[PDB]
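Trainee: Residue numbers (the deposited numbering), protein chains in the order written: chain JJ, 93 to 273; chain CK, 398 to 418, 425 to 445; chain JL, 36 to 318; chain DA, 20 to 233; chain DO, 11 to 137.
In this text, a Cβ means the ideal position worked out from N, Cα and C, and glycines have one as well.
Dumping the structure here so I can ask a few things about it.
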Amino acid sequence: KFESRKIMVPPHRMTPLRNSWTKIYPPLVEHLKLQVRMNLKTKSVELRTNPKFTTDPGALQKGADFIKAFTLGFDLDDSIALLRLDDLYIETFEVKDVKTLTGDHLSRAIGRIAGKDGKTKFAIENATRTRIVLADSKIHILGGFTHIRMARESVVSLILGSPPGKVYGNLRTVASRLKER
Amino acid sequence: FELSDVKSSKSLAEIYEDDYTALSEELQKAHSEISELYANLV
Amino acid sequence: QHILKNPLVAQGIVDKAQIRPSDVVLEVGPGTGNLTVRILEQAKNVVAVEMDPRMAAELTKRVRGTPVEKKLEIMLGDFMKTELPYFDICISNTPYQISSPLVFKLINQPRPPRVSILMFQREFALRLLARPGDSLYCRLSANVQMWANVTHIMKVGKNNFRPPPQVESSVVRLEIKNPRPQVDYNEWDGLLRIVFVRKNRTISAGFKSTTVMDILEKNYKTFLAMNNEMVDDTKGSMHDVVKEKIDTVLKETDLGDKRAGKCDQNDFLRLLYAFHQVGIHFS
Amino acid sequence: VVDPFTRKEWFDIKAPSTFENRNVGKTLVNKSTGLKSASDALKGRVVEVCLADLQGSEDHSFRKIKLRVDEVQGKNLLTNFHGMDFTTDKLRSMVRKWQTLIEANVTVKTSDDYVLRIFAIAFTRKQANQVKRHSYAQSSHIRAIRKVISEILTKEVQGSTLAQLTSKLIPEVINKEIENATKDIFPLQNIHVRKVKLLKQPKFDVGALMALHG
Amino acid sequence: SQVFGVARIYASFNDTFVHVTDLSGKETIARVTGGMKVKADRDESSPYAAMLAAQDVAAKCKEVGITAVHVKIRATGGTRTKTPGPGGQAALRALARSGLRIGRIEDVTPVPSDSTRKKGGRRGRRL
RNA sequence: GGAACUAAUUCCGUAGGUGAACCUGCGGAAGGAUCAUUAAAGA
RNA sequence: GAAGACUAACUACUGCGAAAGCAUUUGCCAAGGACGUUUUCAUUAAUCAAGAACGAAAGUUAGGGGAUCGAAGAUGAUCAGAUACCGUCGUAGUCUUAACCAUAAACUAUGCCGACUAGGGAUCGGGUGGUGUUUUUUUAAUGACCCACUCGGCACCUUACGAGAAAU
Numbered sequence: 093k094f095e096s097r098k099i100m101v102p103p104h105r106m107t108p109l110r111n112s113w114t115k116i117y118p119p120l121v122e123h124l125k126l127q128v129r130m131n132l133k134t135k136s137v138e139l140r141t142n143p144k145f146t147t148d149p150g151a152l153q154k155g156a157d158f159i160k161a162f163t164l165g166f167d168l169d170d171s172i173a174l175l176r177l178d179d180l181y182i183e184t185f186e187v188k189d190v191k192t193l194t195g196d197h198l199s200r201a202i203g204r205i206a207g208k209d210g211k212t213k214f215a216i217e218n219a220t221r222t223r224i225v226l227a228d229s230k231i232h233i234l235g236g237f238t239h240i241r242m243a244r245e246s247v248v249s250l251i252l253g254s255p256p257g258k259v260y261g262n263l264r265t266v267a268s269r270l271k272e273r
Numbered sequence: 398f399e400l401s402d403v404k405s406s407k408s409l410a411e412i413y414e415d416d417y418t425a426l427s428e429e430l431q432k433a434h435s436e437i438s439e440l441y442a443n444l445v
Numbered sequence: 036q037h038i039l040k041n042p043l044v045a046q047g048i049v050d051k052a053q054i055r056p057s058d059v060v061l062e063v064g065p066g067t068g069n070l071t072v073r074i075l076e077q078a079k080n081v082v083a084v085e086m087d088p089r090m091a092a093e094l095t096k097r098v099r100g101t102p103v104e105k106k107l108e109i110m111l112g113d114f115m116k117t118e119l120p121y122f123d124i125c126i127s128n129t130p131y132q133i134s135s136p137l138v139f140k141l142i143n144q145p146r147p148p149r150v151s152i153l154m155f156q157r158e159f160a161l162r163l164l165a166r167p168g169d170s171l172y173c174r175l176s177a178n179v180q181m182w183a184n185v186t187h188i189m190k191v192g193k194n195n196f197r198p199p200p201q202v203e204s205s206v207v208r209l210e211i212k213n214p215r216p217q218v219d220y221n222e223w224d225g226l227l228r229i230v231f232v233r234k235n236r237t238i239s240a241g242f243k244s245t246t247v248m249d250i251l252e253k254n255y256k257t258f259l260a261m262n263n264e265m266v267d268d269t270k271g272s273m274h275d276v277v278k279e280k281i282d283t284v285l286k287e288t289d290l291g292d293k294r295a296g297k298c299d300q301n302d303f304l305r306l307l308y309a310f311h312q313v314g315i316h317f318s
Numbered sequence: 020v021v022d023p024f025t026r027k028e029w030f031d032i033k034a035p036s037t038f039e040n041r042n043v044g045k046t047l048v049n050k051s052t053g054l055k056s057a058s059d060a061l062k063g064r065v066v067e068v069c070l071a072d073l074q075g076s077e078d079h080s081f082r083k084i085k086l087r088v089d090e091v092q093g094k095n096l097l098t099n100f101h102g103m104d105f106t107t108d109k110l111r112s113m114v115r116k117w118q119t120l121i122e123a124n125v126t127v128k129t130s131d132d133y134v135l136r137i138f139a140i141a142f143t144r145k146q147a148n149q150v151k152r153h154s155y156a157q158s159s160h161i162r163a164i165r166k167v168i169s170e171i172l173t174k175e176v177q178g179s180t181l182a183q184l185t186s187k188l189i190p191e192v193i194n195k196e197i198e199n200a201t202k203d204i205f206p207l208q209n210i211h212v213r214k215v216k217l218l219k220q221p222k223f224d225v226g227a228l229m230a231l232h233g
Numbered sequence: 011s012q013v014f015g016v017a018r019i020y021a022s023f024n025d026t027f028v029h030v031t032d033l034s035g036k037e038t039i040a041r042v043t044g045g046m047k048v049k050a051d052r053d054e055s056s057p058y059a060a061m062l063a064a065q066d067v068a069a070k071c072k073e074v075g076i077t078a079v080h081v082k083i084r085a086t087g088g089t090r091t092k093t094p095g096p097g098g099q100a101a102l103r104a105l106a107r108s109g110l111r112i113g114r115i116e117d118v119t120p121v122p123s124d125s126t127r128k129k130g131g132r133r134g135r136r137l
């Protein structure tokens, strides 16, 4: 009565996760009771569920989601949050999705999301209680659905070339109208 | 209320716990310091 | 809502209106009542049409207790949806966006106002008065122009506002043609609309569009159903037979290679007659 | 007031003789009725099963196979080869940055005159001591690699009857002869068949299909 | 061990499709979506609804003769978003914990060797 | 109508426009505020 | 299954072109720079009024094409606001042939040819040198890689015995 889910691990995010590995697998195997094998040669994490030691069928699915969250370049603490809270989901989109940008136009666009010293990127997460990853052309979001929808609109407003200030306005508008509720 | 650009030390799991769990926890400790100082002044 | 920071300008608009002491003046968009108070002293009645209830209340307050208060009537709401009374002359200072519907409401008003003095944008106003042989010249120009003659009266720089607008502003005068020429408005507009969609592209190019051929055929088939005239069997698509009929009309009248951008009112009247006489209508 | 499930008859699907497990899956039809029957529907269906489910072994996690149904015999419907794919997730991981990708393909015939177009992909690998990260070949390199791959593929397709190519692909001998003739041009890593499709099969021949099944 | 079918989850925004078929695909077995289990238009995609549709689908799934299932999750695709909708992972999470033993799940969103002009124009769409 | 009773971001080129205090499509420019991580053929 | 457009990811402002510009692949056609060069000619050259070749998007003439997006036009509702002023239909157009126009912040917002003045590590192309590495077969030959050098590229770093109002 087993179950086997196998997730590929990206090479760029492979080193940080392997280094924290010792902090990584214990909350799974010990707090959730699960089997976490790791094939270094194939760079693939293997999550197996034992019927005798697994109380919840959903926990095996939850473990795969936690590994993927860290896979997407999120923090270990953020990955831990996915196991703890169900309402937390990840959204990924391509800048080319919202507005076809070439070369430097794309580059600068990314900066408008990050901002000087991350200031533009950090403000959206705090006012939307979320976690964002700015990969290449991919942007990832992590958090509650209602939180992510507001965060996605703010990120899209940036990627459309709207000035950061305007986005701050919309941001404190939304964060106010939601933290109020 | 003004949003803070500086990264929140509390994690997403941690912020939810605070919501899951006087006027304010920081403001009362401001009020408690400042009355201990005033009685020293008097 | 912007205000005229130029107090020595309203006087020129009032002069160009050529007020008689017996006149009923329609003022559309009175704003804070800067022109209204001056109009009231020179005319028999001022019918002021204002959308904003706040501005209407302030306007009542401004004339309150003055000897000319009783000669002001304030009509509240959207002027487009307003049944307008008789008026001898009109002054306008309403938002530019309405200006486009508003002109054709004034032109089609039953008994047209003898004269009107209106504040539009620099581009709109230039279109209203544009003549054939001009790049601006278009449907608006010719639609407005057949019904009445329009004169461009002064240029108004943006700095004469508080706050100032981005585009430059002017004042064009419109006098309704009396009596207006006996041509159906829908028929005149339909022929004019097809040619302009591309002024530079010849008439024969404008009438070779699929949609245009379909329209003109359907209307010719309607005319022939009305008069009991038989249509010979079309070898294939009807639009191909109507193509020959449209091309014969354009060749007969000398219009195949002519363009809307350089055609006058008499040119359009002649072309419309040539299609109508052959049983082809644009309405 | 009907219910579709309580009318159809369950059927059994059997994989080709040259496979680790003959058993594959079950399907729903519609009672063989006078006028429109269960016999006609089963013949044209195909099934995509990952050969790791079909070989057991996991060193085969990618690589998907098309099994088409051709003949049927009472609760027992057989299948033959209909193509091979890769997996989308495996393909995405292989396309790493700062390396040349190389693809080549040929349309070619077999013995039992199926006609097919087979694919092939490979990437330039870094020399295990190399200071420079990009490790990009030289177009002249690329041109030559494809011509040799193209050379090797046409040799395998003509030699293989159809089923033999099947027996040829599974242990991936193709993948290695490539690397062998190649390593004299430029390094290269991965190197797989990647995808093969069928586009012109001969004629039924009920006799040949029975021979594959055991 | 089990009887295998195919799960196949299309999760776009503004709605999430779950529906299981025979392993060949030709003959299906029960569908139901997120638009079906709430009425509000605006709430057609949300995980809450997908969970409800995962529940219904699980019922009929085991009501016929299916006990297990492989899933093929999928976004809109084409010249569209390319990213997984909200209620697709939530539609799989609610389907995973239902007894139906799973096995091997890949992504199948249609991705072009790019082209056909995207919609929206130079200005672009959603804001 | 009468008479009782109760109740109480900026810009360029180009093209077009009838809800044009100007806007919109196509292509450009910046004369517009880069945080974070980054050897994993780490055979 | 059809139609037309496009060439995602790899992608690198690198790499190529006089510039506009050029990104699936293969075939053909002619072209080019750099390098190598104990080859050849021997001043044939530099820069250029006049004159001429090419030239992004839109736009124009005449055919074709007309999937998409979509100036014009017509519409949606217009609520408290507009922090989150768009949505729909869609003509021309967008693509192609033959011809026009003939200008862009056509920008490094910096004539051309040559010659001198200062340091460093990367990289693209070419060539030279090595009892360098790796590929095995029986050593080679190849190839890819490493080190030193040298022409010619696209760039960055640090600075001055230099320049500037200062960024540089």
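Along chain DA, in chain order, which residues have C-beta atoms closer than 9 Å to that of residue 128 of chain DO?
Mentor: The residue given as residue 128 of chain DO occupies position 118 in the fifth sequence. Here the premise fails: no neighbours, minimum Cβ distance about 21 Å.
Trainee: Measure the CB-CB distance between residue 134 of chain DO and residue 190 of chain JJ and report whether it falls below 8 Å.
Mentor: The residue given as residue 134 of chain DO occupies position 124 in the fifth sequence. The residue given as residue 190 of chain JJ occupies position 98 in the first sequence. Yes, Cβ-Cβ distance for residue 134 of chain DO and residue 190 of chain JJ is below 8 Å.
Trainee: Taking only beta-carbon atoms, is residue 412 of chain CK less than 8 Å away from chain JJ?
Mentor: Against the second sequence, residue 412 of chain CK aligns to sequence position 15. Residue 412 of chain CK counts as touching chain JJ.
Trainee: Strictly by DSSP, which residues pair up with residue 87 of chain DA?
Mentor: If you number the fourth sequence from 1, residue 87 of chain DA lands on position 68. Per DSSP, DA/65 and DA/99.
Trainee: Hey, does residue 96 of chain DO have any beta-carbon neighbour from chain JJ nearer than 8 Å?
Mentor: For the purposes of this step, residue 96 of chain DO is taken as residue 86 along the fifth sequence, with counting starting at 1. Yes, contact with chain JJ.
Trainee: Could you tell me whether the Cβ atoms of residue 101 of chain DO and residue 28 of chain DO are closer together than 8 Å?
Mentor: Here residue 101 of chain DO refers to the residue found at position 91 of the fifth sequence. Here residue 28 of chain DO refers to the residue found at position 18 of the fifth sequence. Yes; because the gap between Cβ atoms is below 8 Å, this pair is in contact.
Trainee: Check each residue of the region 24-52 of chain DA: if its Cβ is closer than 9 Å to any Cβ of chain DO, include it; give the result in chain order.
Mentor: 24, 27, 29, 32, 43, 44, 45, 46, 47, 48 and 49
Trainee: Suppose the cutoff is 7 Å on Cβ atoms and the five residues either side in sequence are ignored; what does the same chain contact list for residue 77 of chain DA look like?
Mentor: What you label residue 77 of chain DA is simply residue 58 of the fourth sequence in a count that begins at 1. Excluding positions up to five away in sequence, the list reads 71.
Trainee: In the structure shown, what three-state DSSP assignment does residue 190 of chain JL receive?
Mentor: The count along the third sequence starts at 1 and reaches residue 190 of chain JL at position 155. Residue 190 of chain JL: strand per DSSP, three-state reduction.
Trainee: Can you give me the Cβ contacts of residue 100 of chain JJ inside the same chain, cut-off strictly under 6 Å, excluding the 5 residues immediately before and after it?
Mentor: Residue numbering aside, residue 100 of chain JJ sits at position 8 when the first sequence is read from its first letter. Closer than 6 Å at the Cβ level, and outside the excluded window around residue 100 of chain JJ, lie 136.
Trainee: Taking its Cβ as the centre, do 16 or more other Cβ atoms sit within 10 Å of residue 211 of chain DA, making it buried, or is it exposed?
Mentor: The residue labelled residue 211 of chain DA in the question sits at position 192 within the fourth sequence. Classification of residue 211 of chain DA: buried, given that the 10 Å Cβ count is 16 or more.
Trainee: Do we get a CB-CB distance below 8 Å when we pair residue 108 of chain DA with the residues of chain DO?
Mentor: For the purposes of this step, residue 108 of chain DA is identified with residue 89 of the fourth sequence, where counting begins at 1. Yes, its Cβ sits closer than 8 Å to a Cβ of chain DO.
Trainee: Is DSSP giving residue 277 of chain JL helix, strand or coil here?
Mentor: Looking up residue 277 of chain JL in the third sequence gives position 242. If DSSP states are grouped into helix, strand and coil, residue 277 of chain JL belongs with the helices.
Trainee: With a 10 Å radius around its C-beta and 16 neighbouring C-beta atoms as the bar for buried, classify residue 192 of chain JL as buried or exposed.
Mentor: Here residue 192 of chain JL corresponds to residue number 157 of the third sequence, with the count starting at 1. By the neighbour-count rule (16 or more Cβ atoms within 10 Å), residue 192 of chain JL is not buried but exposed.
Trainee: Do you know how far the Cα of residue 315 of chain JL is from the Cα of residue 182 of chain JL?
Mentor: Here residue 182 of chain JL refers to the residue found at position 147 of the third sequence. Here residue 315 of chain JL refers to the residue found at position 280 of the third sequence. Cα to Cα, the separation comes out at about 23 Å.
Trainee: Can you find a C-beta in chain DO that's less than 8 Å from the C-beta of residue 64 of chain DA?
Mentor: Locating residue 64 of chain DA in the fourth sequence gives position 45, counting from the first residue. Cβ-Cβ to chain DO under 8 Å: yes for residue 64 of chain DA.
Trainee: Tell me the start and end of each unbroken beta strand (DSSP E) in the region 204-242 of chain JJ that is at least 3 residues and wholly inside, in chain order.
Mentor: 223-226 and 230-236
Trainee: Taking only beta-carbon atoms, is residue 75 of chain DO less than 8 Å away from chain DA?
Mentor: By one-based count along the fifth sequence, residue 75 of chain DO stands at place 65. Closer than 8 Å: yes.
Trainee: The alpha helix (DSSP H) with residue 187 of chain JJ in it runs from where to where?
Mentor: Residue mapping note: residue 187 of chain JJ aligns to position 95 of the first sequence, counting from 1. That run of the alpha helix (DSSP H) goes 187-190.
Trainee: Who are residue 80 of chain JL's beta bridge partners in DSSP?
Mentor: Sequence index remark: in the third sequence, residue 80 of chain JL carries index 45 (1-based). Paired residues: JL/59.
Trainee: Using the beta-carbon count (16 or more within 10 Å), is residue 212 of chain JJ buried or exposed?
Mentor: Against the first sequence, residue 212 of chain JJ aligns to sequence position 120. Result: buried.
Trainee: Let's test the definition: count the other Cβ atoms within 10 Å of the Cβ of residue 438 of chain CK and tell me whether it reaches 16, buried, or not, exposed.
Mentor: In the second sequence, the residue the question calls residue 438 of chain CK occupies position 35. Result: exposed.
Trainee: Helix, strand or coil: which one does DSSP assign to residue 164 of chain JL?
Mentor: The residue you call residue 164 of chain JL lines up with position 129 of the third sequence. Three-state DSSP puts residue 164 of chain JL in coil, outside helix and strand.
Trainee: Please confirm if the region 53-66 of chain JL is in contact with the region 123-137 of chain JL, defined as three or more CB-CB distances below 8 Å between the two stretches.
Mentor: yes
Trainee: May I have the straight-line CA-CA distance separating residue 148 of chain DA from residue 207 of chain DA, to the nearest angstrom?
Mentor: Numbered from its first residue, the fourth sequence carries residue 148 of chain DA at position 129. Numbered from its first residue, the fourth sequence carries residue 207 of chain DA at position 188. The alpha-carbon atoms of residue 148 of chain DA and residue 207 of chain DA are separated by roughly 15 Å.
Trainee: For residue 215 of chain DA, which of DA/176, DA/32 and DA/117 has the nearest alpha-carbon?
Mentor: Here residue 215 of chain DA refers to the residue found at position 196 when the fourth sequence is read from its first residue. Checking every option, the nearest Cα to that of residue 215 of chain DA belongs to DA/176.
Trainee: Could you work out which residues of chain DA lie near residue 55 of chain DO, taking near to mean beta carbons separated by less than 9 Å?
Mentor: Looking up residue 55 of chain DO in the fifth sequence gives position 45. Ordered by position in chain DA, no residue passes the 9 Å Cβ test against residue 55 of chain DO, which lies about 24 Å from the chain.
Trainee: Give the interface partners of residue 100 of chain DO over in chain JJ, defined as CB-CB distance under 8 Å, in chain order.
Mentor: Start at 1 with the first residue of the fifth sequence, and residue 100 of chain DO comes out as number 90. Neighbours of residue 100 of chain DO on chain JJ, chain order: 181.
Trainee: Return no unless some Cβ of chain JJ is closer than 8 Å to the Cβ of residue 68 of chain DO.
Mentor: In the fifth sequence, counting from the first residue as 1, residue 68 of chain DO sits at position 58. So, not an interface residue.
Trainee: Identify which residue in JL/61, JL/159 and JL/295 has its Cα closest to the Cα of residue 152 of chain JL.
Mentor: The sequence position of residue 152 of chain JL within the third sequence is 117, counting from 1. Considering only alpha carbons, the answer is JL/61.
Trainee: Let me make sure I understand the geometry here. Which of DO/131, DO/78 and DO/93 has the alpha-carbon closest to that of residue 32 of chain DO?
Mentor: Taking the fifth sequence and counting its residues from 1, the one referred to as residue 32 of chain DO is at position 22. Taking only the C-alpha atoms, the option nearest residue 32 of chain DO is DO/78.
Trainee: Here's the rule I'm using: 16 or more other beta-carbon atoms within 10 Å means buried, otherwise exposed. How should residue 166 of chain JL be labelled?
Mentor: Locating residue 166 of chain JL in the third sequence gives position 131, where the first residue counts as 1. So residue 166 of chain JL counts as exposed.
Trainee: Excluding the 5 residues flanking residue 276 of chain JL on each side, which residues of the same chain have their C-beta closer than 6 Å to its C-beta?
Mentor: Walking along the third sequence from the start, residue 276 of chain JL turns up at place 241. Cβ contact annotation for residue 276 of chain JL (same chain, cutoff 6 Å, sequence separation greater than five): 269, in chain order.
Trainee: Counting beta carbon pairs with one atom in the region 111-118 of chain JJ and one in the region 140-148 of chain JJ, are three or more of them shorter than 8 Å?
Mentor: no
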